[PDB]
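Next comes just one chain, in structure tokens: the form deposited without ligand GID.
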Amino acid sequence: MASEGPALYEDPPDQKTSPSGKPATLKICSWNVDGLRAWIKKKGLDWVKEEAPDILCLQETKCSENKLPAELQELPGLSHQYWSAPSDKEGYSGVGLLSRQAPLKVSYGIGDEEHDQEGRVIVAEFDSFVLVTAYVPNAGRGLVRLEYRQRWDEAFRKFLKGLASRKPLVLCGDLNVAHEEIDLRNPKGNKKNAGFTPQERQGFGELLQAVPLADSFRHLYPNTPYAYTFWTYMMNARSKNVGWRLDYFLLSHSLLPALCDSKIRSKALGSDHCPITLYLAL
């Protein structure tokens, strides 16, 4: 990180109407919170209250479903709350989905035992679309988990293609890959690191192709550099904007006409990731 100084990024203003002029009717916020308790202490809920999304998706809660912070009972506009944590009941990984309205159905996991033990996926079916939030397994230090990650990628893509065959799909969360060079500050130095291996990048391309899905942010901002969602807490990385875009909203092609905007909330503190926000005119 000795070669990088600051690179400026200012997320554009919120575009809240679609290309057809329809006002957004759905606001979804996604956030890897780096520990639910830690994030709450760091005032994450105060930020959520200001953002006022219709649906909030959280990853890396690191929190047993039996040990939820009581502060989550102070979110009256997000009163339907669903959680999945590792089946061993330990405090790591973990996702949550909090919604203004109750979904038609909530499910956990991807229908594959091997991949359903670490609290990584919630599926929330609504009238006109299905929402999936995910915390994708990291490839690990020394890439020791890369083989598992490739198995996960395949199982997950097949699962999502199935869902999308029935209803339009929105996938959000920490997908643990920077797809292209534009998606991280230092592509050259990270090609052998978790999050930017050729294996992971191509797995992401495979996901877009197979389902298929569009990367909402990149669709809208195809040439925009320095837009990241994660910065290591070390090396003063966030202040220099030496980051990675690891957090996405991926959409069925049929939802593109409903796409108003896909935001990166760069200034929102409380984790080593920042929130992302999607506006749809459904």
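Start at 1 and count along the sequence shown; that's the residue number.
The form deposited with ligand GID bound is left out here; the points below concern that form.
Looking at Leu282, you'd find a heavy atom of it within 4.5 angstroms of ligand GID in the entry with it bound. Although the partner is absent from this view, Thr17 stays clear of ligand GID in the entry with it bound, with no non-hydrogen atom inside 4.5 angstroms.
Under a 4.5 angstroms non-hydrogen atom cutoff, ligand GID in the entry with it bound lacks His115 among its neighbouring residues. Residue contact with ligand GID in the entry with it bound: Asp54 places a heavy atom within 4.5 Å of it. Just one of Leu26, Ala214, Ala237, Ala227 comes within 4.5 Å of ligand GID in the entry with it bound, counting any heavy atom, and that one is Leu26. Though ligand GID is absent from this view, in the entry with it bound it lies within 4.5 Å of a heavy atom of just one residue from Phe126, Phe159, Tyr82, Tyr108, which is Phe126. In summary, the region of this chain contacting ligand GID in the entry with it bound, judged by heavy atoms within 4.5 Å and restricted to 98-106, 149-157, 190-198, 177-185, corresponds to 98-106.
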